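The chain that follows stands alone, in the form deposited in one PDB entry, written as structure tokens.
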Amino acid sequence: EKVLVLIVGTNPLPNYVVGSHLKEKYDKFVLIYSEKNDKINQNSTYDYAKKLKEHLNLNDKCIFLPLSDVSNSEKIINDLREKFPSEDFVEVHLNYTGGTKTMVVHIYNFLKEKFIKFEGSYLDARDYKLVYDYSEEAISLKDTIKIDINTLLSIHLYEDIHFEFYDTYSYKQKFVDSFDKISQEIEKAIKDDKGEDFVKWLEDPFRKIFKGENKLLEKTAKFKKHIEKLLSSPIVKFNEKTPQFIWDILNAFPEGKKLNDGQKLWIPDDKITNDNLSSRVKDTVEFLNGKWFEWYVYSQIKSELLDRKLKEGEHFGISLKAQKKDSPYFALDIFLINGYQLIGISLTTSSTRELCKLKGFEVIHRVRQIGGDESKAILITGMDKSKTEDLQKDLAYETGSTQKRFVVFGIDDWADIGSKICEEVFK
């Protein structure tokens, strides 16, 4: 009977990692967790212990040991002696990575006196190594222990998750037999260092013409009044000062979905109805105003992830959505898992500081919610390099690592965004 003992704190991922690596060598498993006590402002980590038992397949070889007070040395010592298994064990391995400082201090010494092979362990979050106290070995688990998106979100209490594959992408369904032509044309301009010029034309005249009153592109009356009120106008900027590579992008859409009417801007007559207007520009405007960039970035990384033996739908995906039980859901543009570190990618074409700054707070908090406190967040913006370096420094929080856990890319990174994501995440 070889027993492995884990300390269940509020970060379940370290215990899942050590469990996945050591279960093959032990016969019994003791999960020490906290009880809920409102009077001392103590919540319970029991939900994580069940998820640890579930996703490690411990079954009845798992012993749950609750602690009444995780900050009282006496109660911890007492609760251990009363509830710790008294069977004669040959080996006792305690990984003291989780829990409070009082938990690790007193559990360790209680099991250092009671015992018989003994070994203390700790998983390093910085360099991904399992350090043994007496064996003096530091084995890396970075490339060996794996985890998929379902397991990772589940042990963090997130259920009902869905996402899109490369083949089931939403705008492929909307632009059948055109999507590849539209996406190949955009990609070529972005790889031709036209990203900056695109986002300027997108701000003016594009967003001046095709944005404003809600349902502007679905009621011809609203769109009629808007173009009249645009009669210095963005229409001439579009008609007369639109560069050629955008004309190539605009003409990549099918004629029935082109924003242009030749080499000028399509304006509906009084014959064109509400549904006619919507069927022409709605999907094309929504794709050009931002959705295209989600697909572009995902397309520039899928090959590099498959080369590293990652599997789509388990280790990367697009348009992920998840939620806790009976709680609102959230959306994440792209997700990636390197070994067992979550990387969440949030995308925007905006170049405006305030908007991107708020995007940064968002992606930081979401990856902590679903991947634990060692996740990495990447924000990709249309800002210049000075603005992106400013944002990283603005939002950086110090956890004890030299490597950044919040990364901002900008408009100068778009043309080679594949390799830059690859270097940031895996190197």
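Residue indices: 1-based, along the sequence shown.
Deposited sequence between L231 and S232: 4 to 9 residues lack coordinates. Counting the deposited residues that fall between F110 and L111 and carry no coordinates gives zero. Per the PDB record, of the two stretches 312-320 and 183-191, 183-191 carries the greater mean B-factor over its C-alpha atoms. Look at the C-alpha B-factors of 57-65 and of 394-402. On average they run higher in 57-65.
Sorting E255, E164, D333, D148 by the CA temperature factor given in the entry leaves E255 at the top.
Taking only the listed residues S346, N239, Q341, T349, the entry reports the highest CA temperature factor at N239. Among all modelled residues in this chain, the alpha-carbon of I301 has a temperature factor (C-alpha) in the middle third. Among the modelled residues of its chain, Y26 has a C-alpha B-factor that falls in the highest third according to the deposited record. Remark: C356 belongs to the lowest third of its chain, ranked by C-alpha B-factor as recorded. In the PDB entry, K222 places in the highest third of its chain by CA B-factor. The deposited CA B-factor of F198 belongs to the middle third of values across its chain.
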